[PDB]
Amino acid sequence: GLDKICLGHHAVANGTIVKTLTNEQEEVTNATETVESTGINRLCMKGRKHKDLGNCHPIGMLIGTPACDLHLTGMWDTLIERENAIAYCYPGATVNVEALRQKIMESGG
Amino acid sequence: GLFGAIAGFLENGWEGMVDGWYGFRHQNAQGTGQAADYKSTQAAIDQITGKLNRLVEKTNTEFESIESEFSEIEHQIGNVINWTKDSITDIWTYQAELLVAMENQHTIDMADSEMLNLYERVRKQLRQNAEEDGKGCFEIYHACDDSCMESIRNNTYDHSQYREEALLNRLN
Amino acid sequence: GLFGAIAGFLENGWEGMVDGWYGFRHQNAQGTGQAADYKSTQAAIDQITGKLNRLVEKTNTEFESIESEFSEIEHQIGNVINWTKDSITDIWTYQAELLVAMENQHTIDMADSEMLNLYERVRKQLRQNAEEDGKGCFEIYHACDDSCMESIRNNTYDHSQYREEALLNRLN
Amino acid sequence: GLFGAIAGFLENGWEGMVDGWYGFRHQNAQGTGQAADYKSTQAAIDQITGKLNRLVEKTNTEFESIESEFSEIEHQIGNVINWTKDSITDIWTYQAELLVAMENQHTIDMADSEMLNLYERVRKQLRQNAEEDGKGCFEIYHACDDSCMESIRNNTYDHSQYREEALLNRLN
Amino acid sequence: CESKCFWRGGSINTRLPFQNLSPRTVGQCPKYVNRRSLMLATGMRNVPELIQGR
Amino acid sequence: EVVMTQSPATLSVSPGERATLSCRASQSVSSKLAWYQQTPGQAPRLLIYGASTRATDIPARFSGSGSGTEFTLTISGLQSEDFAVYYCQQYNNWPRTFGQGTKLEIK
Amino acid sequence: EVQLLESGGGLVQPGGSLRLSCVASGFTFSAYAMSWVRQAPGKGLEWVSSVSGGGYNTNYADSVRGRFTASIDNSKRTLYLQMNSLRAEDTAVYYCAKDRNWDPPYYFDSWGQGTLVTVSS
Amino acid sequence: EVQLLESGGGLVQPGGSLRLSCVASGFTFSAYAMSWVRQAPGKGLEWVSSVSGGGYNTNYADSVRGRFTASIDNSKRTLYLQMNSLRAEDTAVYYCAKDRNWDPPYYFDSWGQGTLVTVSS
Ligand SMILES: *[C@@H]1O[C@H](CO)[C@@H](O[C@@H]2O[C@H](CO)[C@@H](O[C@@H]3O[C@H](CO)[C@@H](O)[C@H](O)[C@@H]3O)[C@H](O)[C@H]2NC(C)=O)[C@H](O)[C@H]1NC(C)=O
Ligand SMILES: *[C@@H]1O[C@H](CO)[C@@H](O[C@@H]2O[C@H](CO)[C@@H](O[C@@H]3O[C@H](CO)[C@@H](O)[C@H](O)[C@@H]3O)[C@H](O)[C@H]2NC(C)=O)[C@H](O)[C@H]1NC(C)=O
Ligand SMILES: *[C@@H]1O[C@H](CO)[C@@H](O[C@@H]2O[C@H](CO)[C@@H](O[C@@H]3O[C@H](CO)[C@@H](O)[C@H](O)[C@@H]3O)[C@H](O)[C@H]2NC(C)=O)[C@H](O)[C@H]1NC(C)=O
Ligand SMILES: *[C@@H]1O[C@H](CO)[C@@H](O)[C@H](O)[C@H]1NC(C)=O
Ligand SMILES: *[C@@H]1O[C@H](CO)[C@@H](O)[C@H](O)[C@H]1NC(C)=O
Ligand SMILES: *[C@@H]1O[C@H](CO)[C@@H](O)[C@H](O)[C@H]1NC(C)=O
Ligand SMILES: *[C@@H]1O[C@H](CO)[C@@H](O)[C@H](O)[C@H]1NC(C)=O
Ligand SMILES: *[C@@H]1O[C@H](CO)[C@@H](O)[C@H](O)[C@H]1NC(C)=O
Ligand SMILES: *[C@@H]1O[C@H](CO)[C@@H](O)[C@H](O)[C@H]1NC(C)=O
């Protein structure tokens, strides 16, 4: 047979489906998903001088409720608050608390 | 048909190749072979593979909480905050979906163009010693076996040494 | 000039045609005619016409009112909702206008490319039996009238039958 | 060697030229020269330069202040307003970059295509009187010197007057 | 362990542009996109072969 | 012509413990090596190609590394049916010689 | 999904030879190479032959060069091996396998069930 | 950075000749044209010669047509001027300059340090 030479690109037996402007489903050699959908079930806390309040409500650290007795003063760059923290041993509430609460959770010590 | 086909693109893509994206294969009395083009493949892989990083631009704006998870909020300001979050979330979802679908169009279009340019560069080299075969394939009208074949892949193909022979058979 | 012209694209588009976008026009002693390439037309119409639906993405969200049309409110919070609404409205207006503007660019650019690919295929089919005419047409150097004409449009054109005749007249 | 070079694109761009973007230069026994294709240059410069204005769309909106610079603001609503401003700012910053990056790709790709179309035109004009040179240049096979050279740039090149001469030397 | 953005159920330490874990985050978390998955191509169009026996 | 040795010719490990194997080459192969698994009275099975890449349907407890002339393959946790004969093969030069082979048994 | 099947084992004596056959389906038969492999009783594996580039190229191990001839028929998707001049040293199980490359075989990927070949006085 | 450095100044009697030279660096030598310019003591500048199109074209002023001859050598990035039949009027400073265009020189863009030429009895 007469000599021959020519060209082409690679192909694979089973491809993946991707979107595009001109077609809802298109066949390509391979692709990668851009959306992360799994995460560590831990609070990854190396380097930071983290403080964990445990049962202490952040509002209670300015007034000294018994659950917060062990740490009033301190310095940090990350403050952790937990579920159903006990704020008031004596029942009560504060006016415009949502403003004060955010201020504490933004201050560095 | 007893043996397998040899045709290239415009008909279908190569199935059994793992070395590199763009390549070509020959055929003659001595046998058959395959080979990949590295300078073109390296240029293509470098420009396409890095697209993932360019999407995540390091505008290092830092956000802070505005919604209390252990919430005791009002009902008006809560609704105002709720409305904007969904609107921006829809903007991001609509913006992101079109951006990715829009960029996929360029990758498919761009890669198809680089393939054609390589095909163009070979026709110029063969000049008048080869006739197009209409299946993304070329018909060489002079006898190369192994090393004259290697030259075409290597840009050292001096057509002037074979023109007197190749042109005597295209038109008898 | 006594009769009308017969030139194709690269000069102007066909004025009289209603069947399909990409067509044909032959000419010889027997007469003149017209035709449409259905397989290519259907591929083009399907990819372009469905674009309208792809813009209205059904990421449904149940938006609810945040302003009373029989109105009251305040002057601070009222001015906060107003600011964001215009900003998002300008974002959508700016985003919408540019999105349609640049999608139109692809449609025009893509269609012009599909037309050229069809033009490339024919000159591959004719191999050495036709010269380019510089006005989007081809000059055929061997005698077809009606069925040899129909074959070129149907991919069943085996050029090997006519090569020995057409070549003898290109170069005398 | 002794003198410079004459090669065109596919190798490198012209280093010395101030008249126009797209042009060509010739060579023959008489001397050497330069020129510029004004009709194509004006089309290219007009379509590319005006892109700057098209970004600043006059969908005018009379925005007004919502933050007091001599501030005594509350703390809750202050955080609410702060959050949205950054989110929209990142949207605009993220949107602005990708828009400019996307448009730069079209300009580079579009301009490269316009150059090739002009290159395609000349090959059709020369028909069978010229052979490609693989470096973006053509080899003329007939003694066509100074007004000839002007005609090729002028679309008045009637190849039929030179076919009998050029064809006798391509294949001896 | 090190991280730079957190949410209710843990951490989203990753190096991808978009995330679909929660719409509420603090720190430098990625943008939230309301879709299950969004594939990004890193190849070219596929055209498998056909069998010829005629 | 490459000739390879697998050391030890035989090994024994208790269930649930880590297992490690190695295969040596006479001249450089540069990642052009593969591994196989096969039980008696059956047909083989391909495990690793590229010296670092798992083939289709290869659980996560299989891994290895190696370059130049020496390679390592550790089975992180030997289950009740991981015991079988293993082989190392090179596809760098003709002939693509197999070698001594190796049998893994319960200790 | 992927399936390879073989047949042709049987007894033989010096001078005579078998003609093994192995059938393929589920994949494009013209887009991959094919190879034979054997295993002596309780001993190590050995390469015997392979086919490349659709059937225009072949190679053999140095132990059976000239004796064994391979071929391919891509219309029926069948693999052949015409043995000759047996010496009873080759008594072993045979396999047909599919690799993942076109011109060089590279590494074999999938295998079938095989068949038994034996010689006796 | 761009540097043009000349040499070759001297003294000559009628009928003699010098061969001035000018060396270029920092730019592609074939990308631009070159020109000679002279200035007589305390008088106006005068155009002398220029080379265009990589060396295939040349031009001269009417005051020296047929006497002087320019050239170029791309293998050394050197500019030449083979003068002949000098007279007292030639006494002046000389320069080599780089312009911005290829076929016609348009306007010069950079200059060197120059050199002195003189005539005597
Ligand atoms: C299939 O598409 C994916 C996505 O591009 C490719 O997989 C990627 O392959 C690279 C190289 O082996 C893996 O390592 C890292 O990749 C990038 C390359 O820019 C770079 O960060 C590092 O230098 C490193 O090499 C990468 O993790 C891997 N990604 C995934 C999601 O598997 C793959 O190569 C594509 N297939 C082909 C045949 O191109
Ligand atoms: C100019 O554009 C209009 C509007 O698209 C064309 O009318 C529309 O034509 C389409 C097909 O061309 C009709 O069917 C629809 O097409 C697409 C195919 O992807 C799809 O959305 C639907 O399944 C449907 O079949 C459509 O009904 C028709 N009219 C409309 C939308 O009101 C018109 O034909 C175009 N004119 C020319 C000369 O092309
Ligand atoms: C490099 O880019 C600059 C900036 O665009 C060019 O200068 C600009 O040149 C344009 C014409 O080319 C001047 O007029 C403008 O042109 C377009 C026509 O469509 C349009 O935007 C305006 O109506 C206007 O007439 C423009 O004033 C001028 N701007 C500046 C700041 O100089 C420059 O010529 C370019 N140089 C190159 C390509 O060498
Ligand atoms: C706002 O959205 C949150 C989260 O989905 C929901 O719990 C709440 O009922 C919505 N309406 C408010 C807070 O007024
Ligand atoms: C390819 O061309 C280059 C040109 O420098 C030459 O050195 C080389 O030997 C040629 N052959 C191969 C196989 O690269
Ligand atoms: C908000 O804008 C509306 C019109 O969009 C206007 O009627 C209303 O008075 C504005 N609210 C203010 C200025 O507080
Ligand atoms: C066009 O080609 C097909 C090929 O299957 C053939 O069946 C058909 O008859 C042809 N049509 C004409 C009009 O020749
Ligand atoms: C809002 O941000 C500004 C700076 O952009 C800051 O001065 C101000 O205190 C912030 N308001 C808050 C945190 O309530
Ligand atoms: C170029 O073509 C035009 C067409 O009108 C003609 O008038 C002109 O003489 C031609 N040549 C030049 C140098 O203008």
# chains A, B, ... in the order shown; residues from 1 in each chain; ligands from 1
call {"tool": "closest_atom_pairs", "arguments": {"of": "chain B", "to": "ligand 8", "cutoff": "12 Å", "atoms": "only C-alpha atoms and all ligand atoms", "output": "Markdown table"}}
result
| residue | atom | partner | partner_atom_place_in_ligand_line | distance |
| --- | --- | --- | --- | --- |
| B:61 | CA | ligand 8 | 5 (O) | 11.7 |
| B:62 | CA | ligand 8 | 2 (O) | 11.9 |
| B:63 | CA | ligand 8 | 13 (C) | 11.0 |
| B:64 | CA | ligand 8 | 13 (C) | 9.4 |
| B:65 | CA | ligand 8 | 13 (C) | 10.9 |
| B:66 | CA | ligand 8 | 14 (O) | 10.3 |
call {"tool": "select_by_dssp", "arguments": {"residues": "chain E", "states": "strand (DSSP E)", "output": "ChimeraX atom specification"}}
result
/E:5-7,10-11,18-19,26-27,31-32,39-41
call {"tool": "residues_near_ligand", "arguments": {"ligand": "ligand 2", "cutoff": "10 Å", "atoms": "only C-alpha atoms and all ligand atoms", "output": "VMD selection string"}}
result
chain C and resid 18 to 21 42 44 to 54
call {"tool": "write_last_selection", "arguments": {"atoms": "N, CA, C and O atoms", "output": "CSV table (one decimal), in the first residue's frame"}}
result
chain,number,residue,atom,x,y,z
C,18,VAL,N,-35.9,30.0,1.0
C,18,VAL,CA,-36.8,29.8,2.2
C,18,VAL,C,-36.7,28.4,2.8
C,18,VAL,O,-37.3,28.2,3.9
C,19,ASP,N,-36.0,27.5,2.2
C,19,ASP,CA,-36.0,26.1,2.7
C,19,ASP,C,-35.1,26.0,3.9
C,19,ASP,O,-35.5,25.7,5.0
C,20,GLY,N,-33.8,26.2,3.6
C,20,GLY,CA,-32.8,26.0,4.7
C,20,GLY,C,-31.7,27.1,4.6
C,20,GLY,O,-31.6,27.9,3.6
C,21,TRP,N,-30.9,27.2,5.7
C,21,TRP,CA,-29.9,28.2,5.8
C,21,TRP,C,-28.8,28.0,4.8
C,21,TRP,O,-28.5,28.8,3.9
C,42,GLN,N,-30.2,21.4,10.2
C,42,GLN,CA,-30.9,20.9,11.4
C,42,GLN,C,-29.9,21.0,12.6
C,42,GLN,O,-30.4,21.3,13.7
C,44,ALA,N,-27.5,23.2,12.9
C,44,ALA,CA,-27.4,24.6,13.3
C,44,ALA,C,-28.6,25.2,13.9
C,44,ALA,O,-28.5,25.9,15.0
C,45,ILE,N,-29.8,24.9,13.4
C,45,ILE,CA,-31.0,25.4,14.0
C,45,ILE,C,-31.3,24.9,15.4
C,45,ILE,O,-31.7,25.7,16.2
C,46,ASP,N,-30.9,23.7,15.6
C,46,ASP,CA,-31.2,23.1,17.0
C,46,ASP,C,-30.3,23.8,18.0
C,46,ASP,O,-30.8,24.1,19.1
C,47,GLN,N,-29.0,24.0,17.7
C,47,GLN,CA,-28.1,24.6,18.7
C,47,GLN,C,-28.4,26.1,18.9
C,47,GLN,O,-28.1,26.5,20.0
C,48,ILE,N,-28.9,26.8,18.0
C,48,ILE,CA,-29.0,28.2,18.1
C,48,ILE,C,-30.4,28.6,18.7
C,48,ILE,O,-30.5,29.4,19.5
C,49,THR,N,-31.5,27.9,18.2
C,49,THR,CA,-32.8,28.3,18.5
C,49,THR,C,-33.1,28.0,20.0
C,49,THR,O,-33.8,28.8,20.7
C,50,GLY,N,-32.5,27.0,20.6
C,50,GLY,CA,-32.8,26.6,22.0
C,50,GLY,C,-32.1,27.5,23.0
C,50,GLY,O,-32.2,27.2,24.2
C,51,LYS,N,-31.3,28.5,22.5
C,51,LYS,CA,-30.6,29.3,23.5
C,51,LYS,C,-31.5,30.1,24.4
C,51,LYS,O,-31.2,30.3,25.6
C,52,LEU,N,-32.7,30.5,23.9
C,52,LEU,CA,-33.6,31.3,24.7
C,52,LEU,C,-34.0,30.6,26.0
C,52,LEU,O,-34.0,31.2,27.0
C,53,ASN,N,-34.3,29.3,25.9
C,53,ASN,CA,-34.6,28.6,27.1
C,53,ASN,C,-33.5,28.4,28.1
C,53,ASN,O,-33.7,28.4,29.3
C,54,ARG,N,-32.3,28.3,27.6
C,54,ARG,CA,-31.1,28.1,28.5
C,54,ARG,C,-30.8,29.3,29.4
C,54,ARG,O,-30.1,29.2,30.4
call {"tool": "interface_residues", "arguments": {"of": "chain B", "to": "chain D", "cutoff": "9 Å", "atoms": "only C-alpha atoms", "output": "JSON, numbers by chain"}}
result
{"B": [55, 57, 59, 61, 62, 63, 64, 65, 66, 77, 81, 84, 85, 88, 92, 95, 121, 123, 124, 125, 127, 167]}
call {"tool": "residues_around", "arguments": {"residues": "residue 145 of chain B", "least_positions_apart": "5", "cutoff": "10 Å", "atoms": "only C-alpha atoms", "output": "PyMOL selection string"}}
result
(chain A and resi 3) or (chain B and resi 26-31+150)
call {"tool": "residues_near_ligand", "arguments": {"ligand": "ligand 9", "cutoff": "12 Å", "atoms": "only C-alpha atoms and all ligand atoms", "output": "list in words"}}
result
residues 146, 147, 148, 149, 150, 151, 152, 153, 154, 155, 156, 157 and 158 of chain D
call {"tool": "write_last_selection", "arguments": {"atoms": "N, CA, C and O atoms", "output": "PDB file, in the first residue's frame"}}
result
ATOM      1  N   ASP D 146       6.700  45.988 -10.438  1.00  0.00           N
ATOM      2  CA  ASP D 146       6.413  47.187  -9.646  1.00  0.00           C
ATOM      3  C   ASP D 146       4.977  47.693  -9.745  1.00  0.00           C
ATOM      4  O   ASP D 146       4.377  48.051  -8.725  1.00  0.00           O
ATOM      5  N   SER D 147       4.412  47.729 -10.953  1.00  0.00           N
ATOM      6  CA  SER D 147       2.997  48.059 -11.082  1.00  0.00           C
ATOM      7  C   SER D 147       2.150  46.814 -10.896  1.00  0.00           C
ATOM      8  O   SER D 147       1.077  46.870 -10.285  1.00  0.00           O
ATOM      9  N   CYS D 148       2.623  45.694 -11.435  1.00  0.00           N
ATOM     10  CA  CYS D 148       2.173  44.386 -10.982  1.00  0.00           C
ATOM     11  C   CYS D 148       2.012  44.331  -9.468  1.00  0.00           C
ATOM     12  O   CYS D 148       0.907  44.102  -8.963  1.00  0.00           O
ATOM     13  N   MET D 149       3.104  44.529  -8.725  1.00  0.00           N
ATOM     14  CA  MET D 149       3.024  44.460  -7.270  1.00  0.00           C
ATOM     15  C   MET D 149       1.952  45.388  -6.723  1.00  0.00           C
ATOM     16  O   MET D 149       1.290  45.057  -5.733  1.00  0.00           O
ATOM     17  N   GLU D 150       1.763  46.551  -7.346  1.00  0.00           N
ATOM     18  CA  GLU D 150       0.713  47.455  -6.893  1.00  0.00           C
ATOM     19  C   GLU D 150      -0.666  46.859  -7.147  1.00  0.00           C
ATOM     20  O   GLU D 150      -1.588  47.051  -6.346  1.00  0.00           O
ATOM     21  N   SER D 151      -0.825  46.131  -8.255  1.00  0.00           N
ATOM     22  CA  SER D 151      -2.127  45.565  -8.591  1.00  0.00           C
ATOM     23  C   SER D 151      -2.573  44.535  -7.559  1.00  0.00           C
ATOM     24  O   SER D 151      -3.746  44.503  -7.172  1.00  0.00           O
ATOM     25  N   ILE D 152      -1.651  43.684  -7.100  1.00  0.00           N
ATOM     26  CA  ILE D 152      -2.010  42.659  -6.122  1.00  0.00           C
ATOM     27  C   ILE D 152      -2.576  43.303  -4.867  1.00  0.00           C
ATOM     28  O   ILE D 152      -3.535  42.794  -4.274  1.00  0.00           O
ATOM     29  N   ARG D 153      -1.995  44.423  -4.439  1.00  0.00           N
ATOM     30  CA  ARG D 153      -2.524  45.167  -3.304  1.00  0.00           C
ATOM     31  C   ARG D 153      -3.824  45.887  -3.637  1.00  0.00           C
ATOM     32  O   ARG D 153      -4.482  46.403  -2.727  1.00  0.00           O
ATOM     33  N   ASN D 154      -4.213  45.921  -4.911  1.00  0.00           N
ATOM     34  CA  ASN D 154      -5.268  46.800  -5.395  1.00  0.00           C
ATOM     35  C   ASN D 154      -6.477  46.045  -5.935  1.00  0.00           C
ATOM     36  O   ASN D 154      -7.404  46.674  -6.456  1.00  0.00           O
ATOM     37  N   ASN D 155      -6.482  44.714  -5.842  1.00  0.00           N
ATOM     38  CA  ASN D 155      -7.626  43.897  -6.243  1.00  0.00           C
ATOM     39  C   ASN D 155      -7.884  43.943  -7.747  1.00  0.00           C
ATOM     40  O   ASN D 155      -8.877  43.382  -8.219  1.00  0.00           O
ATOM     41  N   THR D 156      -7.009  44.600  -8.508  1.00  0.00           N
ATOM     42  CA  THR D 156      -7.134  44.655  -9.960  1.00  0.00           C
ATOM     43  C   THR D 156      -6.237  43.645 -10.665  1.00  0.00           C
ATOM     44  O   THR D 156      -5.996  43.780 -11.871  1.00  0.00           O
ATOM     45  N   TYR D 157      -5.740  42.644  -9.944  1.00  0.00           N
ATOM     46  CA  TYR D 157      -4.810  41.660 -10.494  1.00  0.00           C
ATOM     47  C   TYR D 157      -5.599  40.624 -11.286  1.00  0.00           C
ATOM     48  O   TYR D 157      -6.173  39.686 -10.731  1.00  0.00           O
ATOM     49  N   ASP D 158      -5.630  40.800 -12.605  1.00  0.00           N
ATOM     50  CA  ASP D 158      -6.268  39.842 -13.507  1.00  0.00           C
ATOM     51  C   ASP D 158      -5.250  38.753 -13.820  1.00  0.00           C
ATOM     52  O   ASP D 158      -4.393  38.899 -14.693  1.00  0.00           O
TER      53      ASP D 158
END
call {"tool": "residues_around", "arguments": {"residues": "residue 12 of chain F", "least_positions_apart": "4", "cutoff": "12 Å", "atoms": "only C-alpha atoms", "output": "tab-separated table (two decimals) with N, CA and C atoms, in the first residue's frame"}}
result
chain	number	residue	atom	x	y	z
F	8	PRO	N	11.14	-11.07	49.75
F	8	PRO	CA	11.55	-12.48	49.80
F	8	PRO	C	10.76	-13.33	48.80
F	17	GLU	N	-2.91	-7.57	59.72
F	17	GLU	CA	-1.65	-6.86	59.88
F	17	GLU	C	-1.20	-6.25	58.55
F	18	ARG	N	-0.29	-5.29	58.64
F	18	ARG	CA	0.24	-4.65	57.45
F	18	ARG	C	1.16	-5.60	56.70
F	19	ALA	N	1.08	-5.56	55.37
F	19	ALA	CA	1.91	-6.38	54.50
F	19	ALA	C	2.64	-5.49	53.51
F	20	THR	N	3.92	-5.78	53.28
F	20	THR	CA	4.75	-5.00	52.38
F	20	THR	C	5.57	-5.94	51.50
F	21	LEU	N	5.73	-5.57	50.24
F	21	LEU	CA	6.49	-6.36	49.28
F	21	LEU	C	7.36	-5.43	48.44
F	78	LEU	N	-4.38	-6.65	55.83
F	78	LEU	CA	-4.54	-7.87	55.04
F	78	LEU	C	-5.82	-8.57	55.47
F	82	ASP	N	-7.05	-11.52	50.85
F	82	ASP	CA	-5.99	-10.81	50.15
F	82	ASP	C	-4.80	-11.71	49.83
F	83	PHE	N	-4.80	-12.95	50.33
F	83	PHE	CA	-3.68	-13.86	50.11
F	83	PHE	C	-3.73	-14.41	48.69
F	84	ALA	N	-2.65	-14.22	47.94
F	84	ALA	CA	-2.58	-14.70	46.57
F	84	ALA	C	-1.16	-14.51	46.06
F	102	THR	N	5.92	-14.48	43.64
F	102	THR	CA	5.87	-14.44	45.10
F	102	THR	C	4.53	-14.92	45.61
F	103	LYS	N	4.55	-15.79	46.62
F	103	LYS	CA	3.34	-16.31	47.25
F	103	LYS	C	3.21	-15.74	48.65
F	104	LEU	N	2.01	-15.27	48.99
F	104	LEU	CA	1.71	-14.72	50.30
F	104	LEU	C	0.78	-15.68	51.03
F	105	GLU	N	1.11	-15.97	52.29
F	105	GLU	CA	0.40	-16.98	53.06
F	105	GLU	C	0.09	-16.45	54.46
F	106	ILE	N	-0.90	-17.08	55.09
F	106	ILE	CA	-1.23	-16.75	56.47
F	106	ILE	C	-0.17	-17.30	57.41
F	107	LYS	N	0.28	-16.47	58.34
F	107	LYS	CA	1.29	-16.88	59.31
F	107	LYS	C	0.68	-17.78	60.38
call {"tool": "atom_distance", "arguments": {"atom1": "atom 2 (O, counted along the ligand's line) of ligand 1", "atom2": "atom CA of residue 113 of chain B"}}
result
19.9 Å
call {"tool": "residues_around", "arguments": {"residues": "residue 4 of chain A", "least_positions_apart": "3", "cutoff": "9 Å", "atoms": "only C-alpha atoms", "output": "ChimeraX atom specification"}}
result
/A:1 /B:25-28,137-141
call {"tool": "write_last_selection", "arguments": {"atoms": "N, CA and C atoms", "output": "PDB file, in the first residue's frame"}}
result
ATOM      1  N   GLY A   1       0.824  -1.243   0.000  1.00  0.00           N
ATOM      2  CA  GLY A   1       0.000   0.000   0.000  1.00  0.00           C
ATOM      3  C   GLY A   1       0.837   1.264   0.000  1.00  0.00           C
TER       4      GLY A   1
ATOM      5  N   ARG B  25       0.264   8.977  13.522  1.00  0.00           N
ATOM      6  CA  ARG B  25       0.766   7.638  13.261  1.00  0.00           C
ATOM      7  C   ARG B  25       0.929   7.447  11.762  1.00  0.00           C
ATOM      8  N   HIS B  26       1.882   6.605  11.379  1.00  0.00           N
ATOM      9  CA  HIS B  26       2.250   6.386   9.988  1.00  0.00           C
ATOM     10  C   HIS B  26       1.951   4.945   9.586  1.00  0.00           C
ATOM     11  N   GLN B  27       2.323   4.608   8.353  1.00  0.00           N
ATOM     12  CA  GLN B  27       2.147   3.257   7.837  1.00  0.00           C
ATOM     13  C   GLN B  27       2.946   3.123   6.550  1.00  0.00           C
ATOM     14  N   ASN B  28       3.646   2.005   6.402  1.00  0.00           N
ATOM     15  CA  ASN B  28       4.397   1.709   5.188  1.00  0.00           C
ATOM     16  C   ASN B  28       4.773   0.232   5.214  1.00  0.00           C
ATOM     17  N   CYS B 137      -6.247  13.286   6.590  1.00  0.00           N
ATOM     18  CA  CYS B 137      -5.165  12.360   6.312  1.00  0.00           C
ATOM     19  C   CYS B 137      -4.453  12.767   5.031  1.00  0.00           C
ATOM     20  N   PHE B 138      -3.188  12.359   4.932  1.00  0.00           N
ATOM     21  CA  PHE B 138      -2.306  12.744   3.840  1.00  0.00           C
ATOM     22  C   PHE B 138      -1.837  11.508   3.089  1.00  0.00           C
ATOM     23  N   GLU B 139      -1.627  11.664   1.785  1.00  0.00           N
ATOM     24  CA  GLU B 139      -1.084  10.602   0.943  1.00  0.00           C
ATOM     25  C   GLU B 139       0.275  11.044   0.415  1.00  0.00           C
ATOM     26  N   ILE B 140       1.333  10.384   0.875  1.00  0.00           N
ATOM     27  CA  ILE B 140       2.687  10.703   0.434  1.00  0.00           C
ATOM     28  C   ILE B 140       2.972   9.951  -0.858  1.00  0.00           C
ATOM     29  N   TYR B 141       3.443  10.672  -1.873  1.00  0.00           N
ATOM     30  CA  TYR B 141       3.658  10.106  -3.198  1.00  0.00           C
ATOM     31  C   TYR B 141       5.113   9.725  -3.460  1.00  0.00           C
TER      32      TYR B 141
END
call {"tool": "decode", "arguments": {"residues": "segment 29-54 of chain A", "atoms": "C-alpha atoms", "output": "PDB file, in the first residue's frame"}}
result
ATOM      1  CA  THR A  29     -12.510  13.156  27.635  1.00  0.00           C
ATOM      2  CA  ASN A  30     -12.435  14.076  31.331  1.00  0.00           C
ATOM      3  CA  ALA A  31     -13.563  16.759  33.758  1.00  0.00           C
ATOM      4  CA  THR A  32     -13.332  17.915  37.373  1.00  0.00           C
ATOM      5  CA  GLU A  33     -16.070  19.047  39.748  1.00  0.00           C
ATOM      6  CA  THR A  34     -15.647  22.568  41.125  1.00  0.00           C
ATOM      7  CA  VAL A  35     -17.940  22.323  44.179  1.00  0.00           C
ATOM      8  CA  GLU A  36     -16.590  21.002  47.468  1.00  0.00           C
ATOM      9  CA  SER A  37     -19.215  18.888  49.232  1.00  0.00           C
ATOM     10  CA  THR A  38     -17.445  17.336  52.253  1.00  0.00           C
ATOM     11  CA  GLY A  39     -15.742  18.952  55.227  1.00  0.00           C
ATOM     12  CA  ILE A  40     -13.823  18.086  58.391  1.00  0.00           C
ATOM     13  CA  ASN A  41     -16.117  17.512  61.375  1.00  0.00           C
ATOM     14  CA  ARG A  42     -13.731  19.361  63.708  1.00  0.00           C
ATOM     15  CA  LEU A  43     -12.694  22.896  64.631  1.00  0.00           C
ATOM     16  CA  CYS A  44      -9.230  23.113  63.110  1.00  0.00           C
ATOM     17  CA  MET A  45      -7.406  25.336  65.578  1.00  0.00           C
ATOM     18  CA  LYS A  46      -3.603  25.291  65.194  1.00  0.00           C
ATOM     19  CA  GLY A  47      -1.689  28.525  65.672  1.00  0.00           C
ATOM     20  CA  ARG A  48      -4.606  30.572  66.971  1.00  0.00           C
ATOM     21  CA  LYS A  49      -4.638  31.467  70.669  1.00  0.00           C
ATOM     22  CA  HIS A  50      -8.169  30.107  70.770  1.00  0.00           C
ATOM     23  CA  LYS A  51     -10.408  30.288  73.833  1.00  0.00           C
ATOM     24  CA  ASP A  52     -13.266  27.827  74.377  1.00  0.00           C
ATOM     25  CA  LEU A  53     -16.097  29.070  76.589  1.00  0.00           C
ATOM     26  CA  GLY A  54     -17.746  25.673  77.109  1.00  0.00           C
TER      27      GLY A  54
END
